[PDB]
Amino acid sequence: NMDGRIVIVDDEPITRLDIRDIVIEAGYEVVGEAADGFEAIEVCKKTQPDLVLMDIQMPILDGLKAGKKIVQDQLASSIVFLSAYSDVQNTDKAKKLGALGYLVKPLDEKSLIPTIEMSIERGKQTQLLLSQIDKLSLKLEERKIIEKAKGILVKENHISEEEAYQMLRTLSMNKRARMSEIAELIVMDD
Amino acid sequence: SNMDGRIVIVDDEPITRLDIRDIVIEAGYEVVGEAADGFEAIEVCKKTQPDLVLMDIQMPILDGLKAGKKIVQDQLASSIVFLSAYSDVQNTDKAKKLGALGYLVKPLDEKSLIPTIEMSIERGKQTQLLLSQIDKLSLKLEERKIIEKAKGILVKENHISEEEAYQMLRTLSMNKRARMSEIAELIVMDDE
RNA sequence: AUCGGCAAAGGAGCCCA
RNA sequence: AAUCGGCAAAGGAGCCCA
Ligand code: BEF
Ligand code: BEF
């Protein structure tokens with residue numbers, strides 16, 4: 001049966017429990033619940049769920065603004081709204097902040113589980129791309145700092161690039177630290 | 001009022017294609033084509049390059065899942081949303097794996113369609129931005145090896161520091177307003 | 001005297017019970 | 001001497017067009 005970790009957010013517990021039944025029957029893990037945007041933020045912060053289901057109209061903080069915080073900080077992998085509100089203002093706001101689905105009340109208990117599976121998977125793949133972008137842009141920070149470190153080290157010692165790389169390689173290995181970090185220190189040095 | 005987006009509709013029951021067509025046009029979208037089987041679905045996407053594809057699973061010739069895989073992996077459309085009576089667990093696994101952005105179930109809840117369209121269009125665009133940023137970084141990381149040769153040539157020929165040689169190459173490439181890789185190619189062939 | 005980890009792999013160093 | 005746009009940098013503040 002289905003696999004995924006889910007957080008449920010609505011101010012009306014009646015709807016919150018309808019969802020809770022459907023989702024657990026399908027076999028997901030319901031890890032937390034919230035009745036307002038602040039409980040929702042703190043629950044996600046602790047939880048790190050795969051999906052957050054939430055209503056726009058809540059007390060304290062509408063799901064739009066709480067969702068904005070959730071996605072900005074990356075407290076959850078994917079987020080899907082459901083509300084009886086579907087005016088274009090709320091639709092644009094939800095799509096801009098980065099929702100992966102939006103369902104209109106009263107919810108289609110038939111569509112829900114499929115849209116859950118889609119939103120979880122596309123959430124994961126989006127997190128993979130962000131990690132690949134992070135990894136590449138880091139490696140491209142590293143080579144710049146490394147090349148600066150080669151240059152400054154050659155200027156101070158008056159030696160060749162092979163010896164400069166050998167110095168960085170021996171230091172990083174001896175000191176159990178990335179050549180990139182050693183280079184950042186040496187470049188800050190001058 | 002006045003939604004923007006370009007859509008293609010794909011189902012074997014023409015009554016449902018017309019019900020959908022009427023809804024999306026009333027919202028303000030542009031329908032740019034329709035199909036009634038997987039083979040026309042791929043061909044229409046090749047021509048139109050739409051923002052969103054709406055398709056049933058059970059279609060003749062090529063099930064919507066097979067056309068959906070092709071459309072996604074060749075990027076013939078920026079986002080894709082299924083709409084079927086089939087909610088079968090195997091069908092949801094296939095649809096999410098190939099790369100759907102939504103999976104509504106027949107008979108459709110018309111209220112829900114337009115929001116899921118807007119979300120799926122935006123998520124499709126954003127996913128293509130991220131893929132473009134990956135292509136740009138990985139290219140610029142390959143340019144580095146040519147730039148590192150051009151740097152080495154400057155430090156020898158001028159008899160200067162690495163930080164001075166890069167500062168020269170950068171100020172040159174900005175002055176001549178050309179990609180450092182292009183200036184690096186010119187220098188490295190000039191030494192040859 | 002032995003196990004484990006980080007770094008390097010343009011390698012073969014370092015730390016811990 | 002200034003502003004609009006564009007190219008390139010971003011290991012940054014540089015260059016072209018009205
Ligand atoms: F508060 Be939800 F919009 F029912
Ligand atoms: F008729 Be399709 F399978 F929804």
# chains A, B, ... in the order shown; residues from 1 in each chain; ligands from 1
call {"tool": "select_by_dssp", "arguments": {"residues": "region 8-117 of chain A", "states": "strand (DSSP E)", "output": "PyMOL selection string"}}
result
chain A and resi 8-9+29-34+51-54+78-83+101-104
call {"tool": "residues_near_ligand", "arguments": {"ligand": "ligand 1", "cutoff": "6 Å", "atoms": "only C-alpha atoms (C1' of nucleotides) and all ligand atoms", "output": "ChimeraX atom specification"}}
result
/A:55-58,83-84
call {"tool": "closest_atom_pairs", "arguments": {"of": "chain C", "to": "chain A", "cutoff": "7 Å", "atoms": "only C-alpha atoms (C1' of nucleotides)", "output": "CSV"}}
result
residue,atom,partner,partner_atom,distance
C:6,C1',A:176,CA,5.2
C:7,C1',A:173,CA,4.3
C:8,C1',A:173,CA,5.8
C:13,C1',A:174,CA,5.4
C:14,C1',A:174,CA,4.6
call {"tool": "residues_near_ligand", "arguments": {"ligand": "ligand 2", "cutoff": "9 Å", "atoms": "only C-alpha atoms (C1' of nucleotides) and all ligand atoms", "output": "VMD selection string"}}
result
chain B and resid 11 to 13 55 to 59 82 to 86 105 to 107
call {"tool": "write_last_selection", "arguments": {"atoms": "N, CA, C and O atoms", "output": "PDB file, in the first residue's frame"}}
result
ATOM      1  N   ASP B  11      -8.716  12.553 -25.404  1.00  0.00           N
ATOM      2  CA  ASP B  11      -9.618  11.526 -24.889  1.00  0.00           C
ATOM      3  C   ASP B  11     -10.355  10.867 -26.049  1.00  0.00           C
ATOM      4  O   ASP B  11     -10.552  11.479 -27.102  1.00  0.00           O
ATOM      5  N   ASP B  12     -10.770   9.611 -25.842  1.00  0.00           N
ATOM      6  CA  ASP B  12     -11.455   8.849 -26.885  1.00  0.00           C
ATOM      7  C   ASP B  12     -12.961   9.096 -26.906  1.00  0.00           C
ATOM      8  O   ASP B  12     -13.600   8.792 -27.918  1.00  0.00           O
ATOM      9  N   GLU B  13     -13.541   9.636 -25.823  1.00  0.00           N
ATOM     10  CA  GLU B  13     -14.964   9.963 -25.737  1.00  0.00           C
ATOM     11  C   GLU B  13     -15.181  11.418 -26.152  1.00  0.00           C
ATOM     12  O   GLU B  13     -14.870  12.329 -25.375  1.00  0.00           O
ATOM     13  N   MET B  55      -5.040  14.220 -20.592  1.00  0.00           N
ATOM     14  CA  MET B  55      -5.298  12.975 -21.318  1.00  0.00           C
ATOM     15  C   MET B  55      -5.818  11.828 -20.454  1.00  0.00           C
ATOM     16  O   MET B  55      -5.414  11.675 -19.299  1.00  0.00           O
ATOM     17  N   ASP B  56      -6.717  11.018 -21.044  1.00  0.00           N
ATOM     18  CA  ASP B  56      -7.178   9.764 -20.445  1.00  0.00           C
ATOM     19  C   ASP B  56      -6.085   8.699 -20.559  1.00  0.00           C
ATOM     20  O   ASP B  56      -5.201   8.760 -21.417  1.00  0.00           O
ATOM     21  N   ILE B  57      -6.146   7.725 -19.654  1.00  0.00           N
ATOM     22  CA  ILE B  57      -5.267   6.562 -19.729  1.00  0.00           C
ATOM     23  C   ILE B  57      -5.707   5.601 -20.826  1.00  0.00           C
ATOM     24  O   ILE B  57      -4.939   5.290 -21.745  1.00  0.00           O
ATOM     25  N   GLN B  58      -6.953   5.163 -20.777  1.00  0.00           N
ATOM     26  CA  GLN B  58      -7.436   4.127 -21.713  1.00  0.00           C
ATOM     27  C   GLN B  58      -7.718   4.803 -23.029  1.00  0.00           C
ATOM     28  O   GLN B  58      -8.753   5.465 -23.133  1.00  0.00           O
ATOM     29  N   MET B  59      -6.797   4.689 -23.956  1.00  0.00           N
ATOM     30  CA  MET B  59      -6.963   5.256 -25.298  1.00  0.00           C
ATOM     31  C   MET B  59      -6.464   4.202 -26.273  1.00  0.00           C
ATOM     32  O   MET B  59      -5.725   3.308 -25.846  1.00  0.00           O
ATOM     33  N   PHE B  82      -3.260  13.836 -16.021  1.00  0.00           N
ATOM     34  CA  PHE B  82      -4.144  12.753 -16.430  1.00  0.00           C
ATOM     35  C   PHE B  82      -5.562  12.963 -15.916  1.00  0.00           C
ATOM     36  O   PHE B  82      -5.810  13.715 -14.970  1.00  0.00           O
ATOM     37  N   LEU B  83      -6.508  12.314 -16.598  1.00  0.00           N
ATOM     38  CA  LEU B  83      -7.920  12.381 -16.227  1.00  0.00           C
ATOM     39  C   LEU B  83      -8.607  11.096 -16.684  1.00  0.00           C
ATOM     40  O   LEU B  83      -8.955  10.962 -17.861  1.00  0.00           O
ATOM     41  N   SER B  84      -8.793  10.162 -15.751  1.00  0.00           N
ATOM     42  CA  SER B  84      -9.263   8.824 -16.077  1.00  0.00           C
ATOM     43  C   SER B  84     -10.216   8.294 -15.016  1.00  0.00           C
ATOM     44  O   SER B  84     -10.195   8.724 -13.862  1.00  0.00           O
ATOM     45  N   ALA B  85     -11.052   7.330 -15.420  1.00  0.00           N
ATOM     46  CA  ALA B  85     -11.758   6.519 -14.434  1.00  0.00           C
ATOM     47  C   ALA B  85     -10.797   5.592 -13.708  1.00  0.00           C
ATOM     48  O   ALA B  85     -11.064   5.180 -12.573  1.00  0.00           O
ATOM     49  N   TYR B  86      -9.694   5.239 -14.359  1.00  0.00           N
ATOM     50  CA  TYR B  86      -8.709   4.354 -13.756  1.00  0.00           C
ATOM     51  C   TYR B  86      -8.002   5.119 -12.636  1.00  0.00           C
ATOM     52  O   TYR B  86      -7.403   6.172 -12.874  1.00  0.00           O
ATOM     53  N   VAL B 105      -9.787  12.425 -11.434  1.00  0.00           N
ATOM     54  CA  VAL B 105     -10.508  11.188 -11.695  1.00  0.00           C
ATOM     55  C   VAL B 105     -11.896  11.489 -12.238  1.00  0.00           C
ATOM     56  O   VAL B 105     -12.584  12.400 -11.762  1.00  0.00           O
ATOM     57  N   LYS B 106     -12.282  10.726 -13.266  1.00  0.00           N
ATOM     58  CA  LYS B 106     -13.603  10.808 -13.871  1.00  0.00           C
ATOM     59  C   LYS B 106     -14.644  10.196 -12.929  1.00  0.00           C
ATOM     60  O   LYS B 106     -14.331   9.293 -12.150  1.00  0.00           O
ATOM     61  N   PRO B 107     -15.895  10.662 -12.980  1.00  0.00           N
ATOM     62  CA  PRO B 107     -16.368  11.854 -13.680  1.00  0.00           C
ATOM     63  C   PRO B 107     -15.910  13.100 -12.973  1.00  0.00           C
ATOM     64  O   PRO B 107     -15.991  13.212 -11.752  1.00  0.00           O
TER      65      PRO B 107
END
call {"tool": "interface_residues", "arguments": {"of": "chain B", "to": "chain D", "cutoff": "8 Å", "atoms": "only C-alpha atoms (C1' of nucleotides)", "output": "ChimeraX atom specification"}}
result
/B:166-167,170-171,173-179
call {"tool": "closest_atom_pairs", "arguments": {"of": "chain A", "to": "chain B", "cutoff": "8 Å", "atoms": "only C-alpha atoms", "output": "CSV"}}
result
residue,atom,partner,partner_atom,distance
A:86,CA,B:115,CA,6.9
A:88,CA,B:1,CA,7.8
A:91,CA,B:115,CA,6.3
A:92,CA,B:118,CA,7.6
A:94,CA,B:119,CA,7.6
A:95,CA,B:119,CA,5.0
A:96,CA,B:122,CA,7.4
A:98,CA,B:123,CA,7.2
A:99,CA,B:119,CA,6.4
A:100,CA,B:119,CA,6.1
A:101,CA,B:116,CA,5.6
A:102,CA,B:116,CA,5.4
A:103,CA,B:112,CA,5.3
A:104,CA,B:112,CA,5.1
A:108,CA,B:109,CA,7.1
A:110,CA,B:105,CA,6.6
A:111,CA,B:104,CA,5.1
A:114,CA,B:103,CA,5.6
A:115,CA,B:103,CA,5.3
A:117,CA,B:96,CA,6.8
A:118,CA,B:96,CA,5.1
A:119,CA,B:101,CA,7.0
A:121,CA,B:96,CA,6.2
A:122,CA,B:101,CA,6.9
A:126,CA,B:127,CA,7.1
A:129,CA,B:130,CA,6.8
A:130,CA,B:130,CA,7.5
A:132,CA,B:134,CA,7.4
A:133,CA,B:134,CA,5.8
A:136,CA,B:137,CA,6.7
A:137,CA,B:137,CA,6.8
A:140,CA,B:141,CA,6.3
A:148,CA,B:163,CA,6.7
A:151,CA,B:162,CA,4.8
A:152,CA,B:162,CA,7.5
A:155,CA,B:161,CA,6.8
call {"tool": "decode", "arguments": {"residues": "region 92-116 of chain A", "atoms": "C-alpha atoms", "output": "mmCIF file, in the first residue's frame"}}
result
data_model
loop_
_atom_site.group_PDB
_atom_site.id
_atom_site.type_symbol
_atom_site.label_atom_id
_atom_site.label_comp_id
_atom_site.auth_asym_id
_atom_site.auth_seq_id
_atom_site.Cartn_x
_atom_site.Cartn_y
_atom_site.Cartn_z
ATOM 1 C CA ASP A 92 -2.167 32.917 -8.710
ATOM 2 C CA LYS A 93 -0.849 33.309 -5.152
ATOM 3 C CA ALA A 94 -0.840 29.546 -4.579
ATOM 4 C CA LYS A 95 0.879 28.783 -7.897
ATOM 5 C CA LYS A 96 3.509 31.518 -7.409
ATOM 6 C CA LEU A 97 4.553 30.377 -3.934
ATOM 7 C CA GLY A 98 4.924 26.875 -5.359
ATOM 8 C CA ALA A 99 1.958 24.595 -4.807
ATOM 9 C CA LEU A 100 1.968 21.250 -6.637
ATOM 10 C CA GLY A 101 -1.829 20.871 -6.575
ATOM 11 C CA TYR A 102 -4.982 22.721 -5.606
ATOM 12 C CA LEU A 103 -8.330 21.051 -4.938
ATOM 13 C CA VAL A 104 -11.668 22.759 -4.356
ATOM 14 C CA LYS A 105 -13.995 21.928 -1.472
ATOM 15 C CA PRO A 106 -16.015 19.768 -1.002
ATOM 16 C CA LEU A 107 -13.110 17.571 -1.934
ATOM 17 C CA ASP A 108 -13.230 14.763 -4.492
ATOM 18 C CA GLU A 109 -12.467 11.849 -2.173
ATOM 19 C CA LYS A 110 -11.759 9.866 -5.380
ATOM 20 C CA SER A 111 -9.165 12.277 -6.861
ATOM 21 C CA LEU A 112 -7.381 12.998 -3.573
ATOM 22 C CA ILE A 113 -5.150 9.938 -3.325
ATOM 23 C CA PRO A 114 -3.920 10.178 -6.952
ATOM 24 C CA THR A 115 -3.144 13.869 -6.536
ATOM 25 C CA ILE A 116 -1.308 12.985 -3.308
#
